[PDB]
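Reading through the structure tokens given below for one structure.
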Amino acid sequence: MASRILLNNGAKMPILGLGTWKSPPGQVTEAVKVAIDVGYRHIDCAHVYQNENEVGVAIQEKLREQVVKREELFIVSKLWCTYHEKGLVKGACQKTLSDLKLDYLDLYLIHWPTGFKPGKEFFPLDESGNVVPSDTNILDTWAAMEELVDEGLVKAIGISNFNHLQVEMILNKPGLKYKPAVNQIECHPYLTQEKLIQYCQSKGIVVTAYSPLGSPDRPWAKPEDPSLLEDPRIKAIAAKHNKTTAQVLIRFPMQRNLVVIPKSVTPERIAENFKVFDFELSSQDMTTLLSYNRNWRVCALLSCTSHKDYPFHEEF
Ligand SMILES: NC(=O)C1=CN([C@@H]2O[C@H](COP(=O)(O)OP(=O)(O)OC[C@H]3O[C@@H](n4cnc5c(N)ncnc54)[C@H](OP(=O)(O)O)[C@@H]3O)[C@@H](O)[C@H]2O)C=CC1
Ligand SMILES: O=C(O)COc1cc(F)ccc1C(=S)NCc1ccc(Br)cc1F
């Protein structure tokens, strides 16, 4: 398959990237170095993951080593919820740039559509455990993102975890200057997201699938939850193709015209997960994988569910 997708800002985005949530700071530098050595050209990062400095050490080493040129890398980060304030967005972006050792990002996303009270805590709580919101809405935060493009800090802007109506809000913004380039959402065979994906694709937004393996290392996993990697129906499709279950799970979103960002810190798996450009799932395989949808989410959070902009009340 073609390895990059054209964005609505005119840049090309690699369809396979390396995820970094939960990658320990003492392991992620090596993970990113190995990833770049074996061909990855897209890294998915975020301030809230608390490891951007260590990601940046890897990136800088590979640039210094002339393993890859900066123009060939596609580096993504995300604005955390406590920085949805007009006067805080630029500084948040600049902190991420400083940590990653970069002078621009290829793509900067609004991490979640919910703003939280600014401060040191990533999840400021009231005395009863509810997150404390910000009064600032997704449209004013979007205008702040647009300024980053115009100041040269980021090449593209986008959104993450926005539902159908929140995407529409952005597209219908009075005076919209730049459309979102990407909506990054959870997507895998048990949460197939057909409705949201068709909406975004019909509007020219590229969708990035996160947690494509079902995030088995999520901190709130329960021993009894469904497991994609262990699903014998998926194992059977993999065996037919002489591939691993992970490779099928990565190829699946690629054939839906999605970008996909599997996470690993294991060098052998980092390599395995990149070897997904030499086989094709049939249409029947694709439809079969889609049939496994159960509307099951890795990423949700009870403490945030009353926030007026919490995204997963809406059907899609
Ligand atoms: N925008 C948002 O709100 C969110 C963005 N994301 C992004 O998406 C990325 C991917 O999602 P994530 O939730 O991390 O989970 P993934 O679905 O990518 O699963 C990661 C887990 O799968 C394991 N794994 C990786 N490759 C294989 C393999 N070949 N065989 C077996 N196990 C494997 C990893 O183990 P190990 O590392 O030990 O090898 C790790 O435990 C995140 O890291 C982050 O960058 C994720 C959630 C939310
Ligand atoms: O968020 C990620 O990328 C991966 O997950 C996380 C990654 C982190 F580094 C810290 C917390 C999260 C959580 S708990 N995320 C879920 C979540 C956060 C905020 C809101 Br609004 C709803 C929600 F569901």
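Key figures for this structure:
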{"read-out": "Residue match in region 259-266 (condition: in contact with a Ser or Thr (Cβ under 7 Å, 6 or more places away or on another chain), closer than 20 Å to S211 by Cα, of a type in the set (A, V, I, L, M, F, W, C) and within 11 Å of ligand 2 (Cβ to nearest atom))", "value": "yes"}
{"read-out": "Pick from region 88-105, criterion among the hydroxyl-bearing types (S, T, Y) and either more than 18 Å from the chain's Cα centre (by Cα) or part of a loop (DSSP other than H, G, I, E, B) (or both), ranking: nearest to ligand 2 (Cβ to nearest atom)", "value": "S98"}
{"read-out": "Number of the condition not met by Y108 [criteria: (1) within 15 Å of ligand 1 (Cβ to nearest atom); (2) part of a helix (DSSP H, G or I); (3) free of Cβ contacts under 8 Å to residues at least 60 places away in the same chain]", "value": "(2)"}
{"read-out": "Residue match in region 199-220 (condition: more than 16 Å from ligand 2 (Cβ to nearest atom) and more than 30 Å from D150 (Cα to Cα))", "value": "no"}
{"read-out": "Which listed residue, of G39, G10, is surrounded by fewer than 23 Cβ atoms within 10 Å (Cβ to Cβ) and either free of Cβ contacts under 8 Å to residues at least 60 places away in the same chain or basic (K, R) (or both)", "value": "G10"}
{"read-out": "Positions within region 259-303 being within 12 Å of ligand 1 (Cβ to nearest atom), hydrophobic (A, V, I, L, M, F, W, C) and not in a strand (DSSP E or B), in sequence order", "value": "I261, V265, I270, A271, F274, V276, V298, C299, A300, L301"}
{"read-out": "Residue in region 62-69 that is within 16 Å of ligand 1 (Cβ to nearest atom) and surrounded by fewer than 23 Cβ atoms within 10 Å (Cβ to Cβ) present", "value": "no"}
{"read-out": "Output for region 16-35, where each listed residue is more than 16 Å from ligand 2 (Cβ to nearest atom) and either surrounded by fewer than 23 Cβ atoms within 10 Å (Cβ to Cβ) or under 13 Å from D106 (Cα atoms) (or both)", "value": "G26, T29, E30, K33, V34"}
{"read-out": "Unique residue being under 23 Å from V259 (Cα atoms) and over 22 Å from the mean Cα position of the chain (by Cα) when the list is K117, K69", "value": "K69"}
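Every residue, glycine among them, receives a Cβ derived from its backbone with ideal geometry; neighbour counts consider all protein chains shown. No lab work stands behind these numbers, since they all come straight from the coordinates.
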